[PDB]
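Input: a single structure, listed below in structure tokens.
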Amino acid sequence: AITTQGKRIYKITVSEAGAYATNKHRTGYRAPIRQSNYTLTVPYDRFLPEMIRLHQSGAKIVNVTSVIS
Amino acid sequence: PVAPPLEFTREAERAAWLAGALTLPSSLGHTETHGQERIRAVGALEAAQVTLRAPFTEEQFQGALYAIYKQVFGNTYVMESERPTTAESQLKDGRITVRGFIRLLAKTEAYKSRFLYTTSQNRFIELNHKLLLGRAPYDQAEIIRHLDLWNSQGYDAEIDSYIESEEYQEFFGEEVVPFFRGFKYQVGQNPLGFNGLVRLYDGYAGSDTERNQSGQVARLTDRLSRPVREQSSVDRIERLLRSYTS
Amino acid sequence: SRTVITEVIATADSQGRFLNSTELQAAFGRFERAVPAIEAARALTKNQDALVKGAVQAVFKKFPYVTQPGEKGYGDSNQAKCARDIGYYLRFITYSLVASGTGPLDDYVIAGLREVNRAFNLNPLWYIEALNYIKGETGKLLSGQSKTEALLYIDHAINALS
Amino acid sequence: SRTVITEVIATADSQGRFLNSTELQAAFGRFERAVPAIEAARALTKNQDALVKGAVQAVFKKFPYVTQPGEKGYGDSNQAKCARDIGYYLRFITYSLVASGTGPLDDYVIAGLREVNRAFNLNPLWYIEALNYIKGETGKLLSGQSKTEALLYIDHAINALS
Amino acid sequence: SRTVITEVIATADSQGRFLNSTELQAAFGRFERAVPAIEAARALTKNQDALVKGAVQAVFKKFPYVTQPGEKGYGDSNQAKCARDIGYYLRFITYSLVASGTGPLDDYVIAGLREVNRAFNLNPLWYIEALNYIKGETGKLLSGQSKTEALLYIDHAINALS
Amino acid sequence: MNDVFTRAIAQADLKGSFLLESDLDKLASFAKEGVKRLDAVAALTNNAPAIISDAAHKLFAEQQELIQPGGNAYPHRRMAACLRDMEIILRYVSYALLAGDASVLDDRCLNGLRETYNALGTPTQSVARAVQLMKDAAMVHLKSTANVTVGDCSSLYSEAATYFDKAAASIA
Amino acid sequence: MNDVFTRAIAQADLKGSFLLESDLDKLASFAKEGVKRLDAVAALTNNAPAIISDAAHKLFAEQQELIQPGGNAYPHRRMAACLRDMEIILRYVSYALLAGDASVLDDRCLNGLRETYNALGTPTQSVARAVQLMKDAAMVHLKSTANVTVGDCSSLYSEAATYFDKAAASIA
Amino acid sequence: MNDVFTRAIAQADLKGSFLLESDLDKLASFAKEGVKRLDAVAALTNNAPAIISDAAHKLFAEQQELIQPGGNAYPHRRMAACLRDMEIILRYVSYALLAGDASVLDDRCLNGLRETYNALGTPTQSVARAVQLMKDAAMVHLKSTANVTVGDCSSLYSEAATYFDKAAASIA
Amino acid sequence: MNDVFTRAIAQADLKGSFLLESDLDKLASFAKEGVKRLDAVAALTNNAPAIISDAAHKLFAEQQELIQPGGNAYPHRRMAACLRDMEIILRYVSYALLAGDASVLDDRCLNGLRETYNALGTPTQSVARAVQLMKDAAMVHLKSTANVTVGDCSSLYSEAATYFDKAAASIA
Ligand SMILES: CCC1=C(C)/C(=C/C2=NC(=C\c3[nH]c(/C=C4\NC(=O)[C@H](C)[C@H]4CC)c(C)c3CCC(=O)O)/C(CCC(=O)O)=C2C)NC1=O
Ligand SMILES: CCC1=C(C)/C(=C/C2=NC(=C\c3[nH]c(/C=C4\NC(=O)[C@H](C)[C@H]4CC)c(C)c3CCC(=O)O)/C(CCC(=O)O)=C2C)NC1=O
Ligand SMILES: CCC1=C(C)/C(=C/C2=NC(=C\c3[nH]c(/C=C4\NC(=O)[C@H](C)[C@H]4CC)c(C)c3CCC(=O)O)/C(CCC(=O)O)=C2C)NC1=O
Ligand SMILES: CCC1=C(C)/C(=C/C2=NC(=C\c3[nH]c(/C=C4\NC(=O)[C@H](C)[C@H]4CC)c(C)c3CCC(=O)O)/C(CCC(=O)O)=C2C)NC1=O
Ligand SMILES: CCC1=C(C)/C(=C/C2=NC(=C\c3[nH]c(/C=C4\NC(=O)[C@H](C)[C@H]4CC)c(C)c3CCC(=O)O)/C(CCC(=O)O)=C2C)NC1=O
Ligand SMILES: CCC1=C(C)/C(=C/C2=NC(=C\c3[nH]c(/C=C4\NC(=O)[C@H](C)[C@H]4CC)c(C)c3CCC(=O)O)/C(CCC(=O)O)=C2C)NC1=O
Ligand SMILES: CCC1=C(C)/C(=C/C2=NC(=C\c3[nH]c(/C=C4\NC(=O)[C@H](C)[C@H]4CC)c(C)c3CCC(=O)O)/C(CCC(=O)O)=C2C)NC1=O
Ligand SMILES: CCC1=C(C)/C(=C/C2=NC(=C\c3[nH]c(/C=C4\NC(=O)[C@H](C)[C@H]4CC)c(C)c3CCC(=O)O)/C(CCC(=O)O)=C2C)NC1=O
Ligand SMILES: CCC1=C(C)/C(=C/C2=NC(=C\c3[nH]c(/C=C4\NC(=O)[C@H](C)[C@H]4CC)c(C)c3CCC(=O)O)/C(CCC(=O)O)=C2C)NC1=O
Ligand SMILES: CCC1=C(C)/C(=C/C2=NC(=C\c3[nH]c(/C=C4\NC(=O)[C@H](C)[C@H]4CC)c(C)c3CCC(=O)O)/C(CCC(=O)O)=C2C)NC1=O
Ligand SMILES: CCC1=C(C)/C(=C/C2=NC(=C\c3[nH]c(/C=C4\NC(=O)[C@H](C)[C@H]4CC)c(C)c3CCC(=O)O)/C(CCC(=O)O)=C2C)NC1=O
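Protein chains in written order, with the working numbering: chain A, 1056 to 1124; chain R, 6 to 251; chain E, 2 to 163; chain S, 2 to 163; chain V, 2 to 163; chain D, 145 to 316; chain F, 145 to 316; chain Z, 145 to 316; chain G, 145 to 316.
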């Protein structure tokens, strides 16, 4: 994170529409429920792992913004 | 004609009579109505979840902070000369979740000072599990994976392996403060997970303190080590015998 | 077990702090309502036999087909277990009257309720009917405040089953 | 700024559950205390100005060096700010009395209080002595439940100050 | 089974009367005599397999011909089931210790012993001296009060075999 | 006939194993606290006329239609048989209390009593009521603190109540 | 997350003065009727699952296109979630009734439910109809004069009706 | 974990050898009776609630002591624990059945269980008897001849009995 | 973690019984004396900083060796730890005073305390001495007749003293 690639974090809005709702129904509701639509901040280094994680869960993104540059 | 009509007064009467010997006091259960007292985890289990709904107000933000600094660091004291105030401010408006805040506290120099520098890597892996997850490690595969991951990619990636794991997503998620959960049967564990969380958690008053004459030695790597890697003992025996008798 | 006192202490220690004014407000409210609640527990304790018998009768009357052979409620043993379960439920209602909280209920009966009633094939509706009878008799047995709080614990148990 | 009622709502919604007998009982006690609390708050609102002046004179007679130049107190605007701050504290104490909870007081003063005192070099003992003066004088203005609850709130404010 | 308690009850029963002083006298003697007997049973049970192995090898050492081919002790089944028989005798001696009476011995072993020994040609002497070995081994296995009880029951078994 | 020790022994033998440590603990506790049991059995034995008389008084003061002509306790022979049955049931309850096991009761008093009372026309409901009245009169006597050292015997009260309830539920 | 008292204190701070006399009088009047409010809250919390079941039965009755294949609540899980929202919104209405301020419902969920339901494809006018069904059933249960001291509670009736109506209008 | 194929590979490698032709013979055998093994595992999977409930009924038949007040399985929160322990041990027995070795059973289930139960105060003899009762109630569902081809499978019943015995001996 | 009510409930459920009317009377008397109990808890809570500072001053006067080099309480970190420990102990004694039972102490306060001190090398006799000083300082504040009505609370003073003795005995 110290180098240049470390900075330029990104802001991502996340929607948990029925595609993830069905998966959460089947797997169960074990954490408190939350509204489907929300926004999340992510650094450049962690971008790929968290994005793989969120799509693998089933939620779908609307758009992604670049915080720096 | 035992009871032709819809009334059952004889059947209810005889049921209530025979139920007297079905509810007799047993042999003894005084030390048994609470087996958690033997596990010494009564306080840990009776500690409820500490969530932070984003529109939360000023009060219980300090409550969530107390829970976090009690969990992540253990019961070790953390002087507010050490509280990252910028991280708490960022968490206040939700610029970061409780998961991101716990990521930061894991990556502060106080957490490292208490857990990394004074201990071997084994104790560090056990403590990461017990604090950022709530459970003892189940098998040597976890220890090997985390040790090699740290060695190859840094403390940063080693911690990110905990914080953004799917176990953290499922059990706690973005906005629930971690808690000790190995005392209950968590799906897909060994019986060594519960034993390990009992071994690491010696008391509610106690803590995992660096400033100790033990040197904060590893409580569990001996416990965790044998089961996976002693099935080959039966042959290493006679190999050692031929080495000795030579 | 949770009570007013224990919930107060738990919230206070979850913030490492002392008992503030609100904690003492709640605690004294409990100490003030612990007179009617102990009255209700005394009444429901004088009358364990009447309530257990009546509840077993009401269960059988609303569920006659279990008494017949080839199913669950046949035998001296299984009806004795019926009366014993109703004694358990009434006993824990009296406990939760004394402890002025749903601690004993949620700890003993309501925890692990669906799983045990599922693996032994017992039915929620039997106990719901027994508890509706106990609620009825409590209405005629307790008057005023004690009646109200006893009904809060009884219908807490009912909603736990339902 | 949550009283007993709103903290009940928050803790009940925390578990995703309705409100059972314990927290309804606590809210009942709080409602019944809303009468002496309102009376005590009315009594203090009757006596706001005399208390602001008595507090500034008390803190000055206890702290003489503050009057002398070279210290914070010297300057007409400075004692004006003193009186304004004591008015703030009294207003928040009356607010907490009305709300029957430390919500208003805690969030409106105690939140980030120590940092304010350090960054503006205000010694807390000034406000502590003012609040002890208010305690002593309310010892006679109020009686019974109103007196003890108002004194408890003042003690909470002092403890948060020291 | 014939014990002290049961014999008391049967004697006071056949006569159609309540339990008078002598009967409770004997019952009390049994109740306080229990503890040495219970300890003897715990010791014999803990040291069960060693005692059985010792008694088996004592049978073979004293009766050397029995293991020679062509007769009773020859072959693995007969040794394993010698061990079984000695285990039975030991188990019933401990049963009789716990019950503090010769009920279990006189029921499960002594009643019908001569007929089944005759019909299988089992020499009683094998069992008599295996019980003699156990009788000796309790001397260094038990000591004090319970030794008399254990010796007494080993002794009754030996007398019944002879 | 049985008691607690022989019951545990029979279970262990039918299973084929020595008595386990826990069962030995249970029997040791039973024998240790059996002195209170002797006091209870003595309380039943020594006051038995009082129990029988109070139970008879109450039964015949609440159920008049027994002592009426044509009632099934009318002449002295039937009243004497009533009192004799009451005494016998109390006797077997005291027996089973001393033994700690209700097998003697279920084998000598209760294995053919409902059938006998039906074949004689005696209302088994009234017999069970008589048994419960005897239970009440006896509990007034087992809780007596005179002439005995103070202590707790809630276990023995529960046990005796269950024996009386066994008699009642196996006659009714 | 604020009640009537906290709102009054909020306006007191915005004007900066102490709490006046009329404000304190309304607050005292509200505190006088506290037990009335508690009784309505207890009714709601006790009869909650009954109210949910009745509302679900009715709504699935008059309108059936949900239950057909391709309908919104067709699959077994989706209508399970419908009952989950049933209970959630009814619970939050009980909360707003206890507090006295609907804003704890409003800011928490009413803003976001519009967008989340438009995303899911759930038709929200049906949600409003459901809320009206719930208000009908809850008003029926609150009408119950049984088992409680009697008094004039029309203010509570109107206020709960307002809670449900505004929640429906917000979701619709 | 080690099924029989990886087990044989292990003993082949630790002695620095390839797999001898005889080893391949046994393991190809295992492969061909694999379908019978699949049938047995499916029998254990599908009849799991029946086996567990039958073992529970029997176990609390002999030892009513557990379900009395003060007994381990009493408080109705420990009954669910008992049933879940039964489910876990049955699940691990079926796992060891499909695999072919007790490696799964002895690694993920058994190494730290007797001392876990000692820590909780749970009696281990009762858990052992529960597993034995489960073995009984599971052979009969395992021997069921309905809706499946007929053949000799005494090897699989012997093996499943060994696994149940090993679990019981571990916990006991 | 059990108050007095839940303690009576638990030892009732061990007997598998309803709470006796004697226990009901005891817990009713406790609930009646709860006003005294609350005033004592409040007196401890308000004067927590005064009590902790006073006990610290007396402890460091009678015992100096802690604060010179090599002593237990030397750096600012260890002085902060000492004050934090004493504050926690006073907090838990206030908790126990409200609960009426020492369950909270053994559950949370003293659960692993003595082991912690013997690990870190803290002189446990010094911690007991600090607890004794808090006892002495706290009885003074509890006996403060000012601002409360007059009544005999000697039972509460003895109870708080016993709580402090229990903490001291456990630590030492
Ligand atoms: C970060 C500080 C730290 C280190 C590096 C450390 C070493 C270490 N070596 C280990 C295993 C091992 N260690 C070795 C190396 C030895 N074995 C052979 O005899 C070699 C000749 C000899 C090397 C000189 C081997 C081969 C293993 C693997 C054993 C196994 O997987 O079962 C393990 C347990 C699991 C693993 O990491 O594989 C640790 C923790 N301990 C620490 O606290
Ligand atoms: C801590 C509180 C507690 C509760 C609530 C409880 C419920 C309960 N009742 C049981 C027995 C039973 N309960 C019933 C059903 C009853 N009998 C019939 O007469 C009626 C129709 C019906 C009552 C209305 C039956 C048939 C059994 C024994 C057989 C079985 O269902 O497995 C059992 C199983 C115990 C056993 O196997 O013997 C439980 C767990 N147990 C507890 O320890
Ligand atoms: C209730 C308790 C009980 C006892 C005591 C008992 C004794 C007993 N031993 C038997 C057989 C036997 N028992 C022995 C004992 C011999 N074995 C060695 O050689 C020794 C020399 C010696 C033992 C000290 C032998 C050899 C047999 C087989 C003889 C035959 O099959 O005819 C048999 C015939 C049934 C059978 O085992 O097949 C009985 C009934 N059985 C019982 O149920
Ligand atoms: C000859 C026949 C015979 C009798 C009559 C007899 C009575 C008897 N009762 C005793 C104590 C006792 N007796 C009782 C029973 C009483 N306390 C309870 O509160 C009730 C009021 C009542 C019973 C329901 C108790 C509780 C003890 C003390 C328990 C113990 O010994 O450990 C003792 C031992 C002395 C002692 O430890 O104090 C004897 C010998 N023993 C006999 O061998
Ligand atoms: C603040 C508390 C909260 C609320 C109130 C809330 C509403 C809500 N209900 C949902 C599911 C649902 N909700 C419904 C309800 C519809 N079915 C029909 O009966 C009606 C038209 C209507 C209800 C009256 C259905 C069918 C689903 C399933 C949609 C899907 O999984 O695709 C979802 C999708 C994700 C999830 O369930 O977590 C949300 C966000 N979510 C929350 O976290
Ligand atoms: C823990 C929960 C709780 C309950 C259950 C409770 C019942 C309760 N209702 C009361 C009076 C009352 N309760 C009610 C409410 C009822 N009357 C009618 O209007 C409606 C059918 C219904 C409300 C919609 C009323 C109107 C009063 C009379 C008090 C007044 O005049 O304001 C009182 C005061 C003492 C008494 O009159 O006995 C209590 C304690 N209090 C509580 O704190
Ligand atoms: C993956 C392998 C694995 C197993 C098998 C396992 C067993 C296990 N059973 C437990 C509890 C329990 N288990 C039982 C069951 C016993 N009580 C009766 O005697 C029955 C006869 C008997 C059941 C066969 C009971 C009653 C408890 C509750 C103990 C308590 O809460 O005090 C616990 C403590 C956690 C909890 O409270 O749920 C464990 C760890 N854990 C594991 O990780
Ligand atoms: C999806 C999982 C799956 C299953 C369950 C399965 C069952 C299965 N069992 C088969 C034969 C068989 N099935 C059995 C099993 C039964 N016979 C014994 O008597 C017992 C009652 C019982 C075993 C304990 C046996 C013995 C055979 C004969 C296989 C052979 O000749 O070696 C066959 C081959 C011919 C056929 O019936 O279609 C299949 C496919 N196949 C699968 O892919
Ligand atoms: C890292 C080493 C270390 C430090 C720095 C430290 C600070 C310290 N100073 C103290 C006493 C004190 N120090 C002072 C200093 C004041 N006296 C006059 O007023 C001056 C204006 C001013 C001096 C510049 C005073 C008044 C006390 C007494 C506090 C009391 O007893 O209430 C005390 C309490 C008793 C003691 O330890 O002696 C501590 C803990 N403690 C340590 O272990
Ligand atoms: C359940 C609530 C709870 C308790 C009870 C508790 C006691 C406690 N005190 C500690 C440190 C300490 N505590 C003290 C207190 C001593 N100093 C003087 O000797 C005094 C006589 C005495 C105070 C009465 C000191 C000096 C330390 C630091 C010792 C060291 O780290 O070497 C620690 C180690 C944590 C750390 O690393 O800082 C614990 C766990 N902690 C808790 O979370
Ligand atoms: C803000 C929360 C709150 C609390 C905690 C509270 C306590 C409280 N103290 C009271 C008076 C009292 N206070 C005390 C206690 C005192 N007696 C003296 O000896 C001691 C110095 C001291 C206790 C150690 C006593 C004895 C009473 C009289 C009430 C009675 O006797 O029942 C009363 C009843 C009013 C009266 O009878 O005058 C309450 C409710 N009230 C509240 O509104």
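Virtual Cβ for every residue (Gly too), placed ideally from N, Cα, C.
Check	Outcome
Nearest neighbour of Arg34 of chain E, chosen from S:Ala38, S:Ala28, S:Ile39 [CA to CA]	S:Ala28
Residues near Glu209 of chain G in its chain [Cβ-Cβ closer than 7 Å; skip 5 each side]	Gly215
Members of the stretch 191-215 of chain Z that neighbour chain G once the beta carbon cut-off is set at 9 Å	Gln212, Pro213, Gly214
Proximity test, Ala184 of chain G beta-carbon vs ligand 11 heavy atom, cut-off 7 Å	yes
Proximal residues of chain S, C-beta to C-beta of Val179 of chain G below 9 Å	Under the 9 Å cutoff, chain S gives no residues; its nearest Cβ is about 10 Å from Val179 of chain G.
Distance cut-off 7 Å: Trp127 of chain V Cβ against heavy atoms of ligand 3	yes
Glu40 of chain E CB to nearest heavy atom of ligand 6 below 7 Å	no
Check: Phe121 of chain V C-beta below 7 Å from any heavy atom of ligand 3	yes
Identity of the residues DSSP links to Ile1067 of chain A by a beta bridge	A:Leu1095, A:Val1119
Distance between beta carbons of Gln16 of chain E and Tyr190 of chain R, contact taken as under 8 Å	About 30 Å; that fails the 8 Å criterion.
Per-residue contacts from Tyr71 of chain R into chain E (C-beta, under 9 Å)	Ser15, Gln16, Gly17, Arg18
Residues bridged to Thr56 of chain R [DSSP beta-bridge criterion]	R:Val181
Expected contact under 8 Å - CB spacing of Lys136 of chain V and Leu152 of chain V to nearest Å	6 Å
Alpha helix (DSSP H) runs wholly inside the stretch 169-216 of chain F, at least 4 long, in chain order	178-206
Bounding residues of the alpha helix (DSSP H) (the contiguous stretch that carries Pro125 of chain V)	125-142
C-alpha gap between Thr23 of chain S and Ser298 of chain G, whole angstroms	30 Å
Beta-carbon proximity of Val275 of chain D to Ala312 of chain D, cut-off 8 Å	yes
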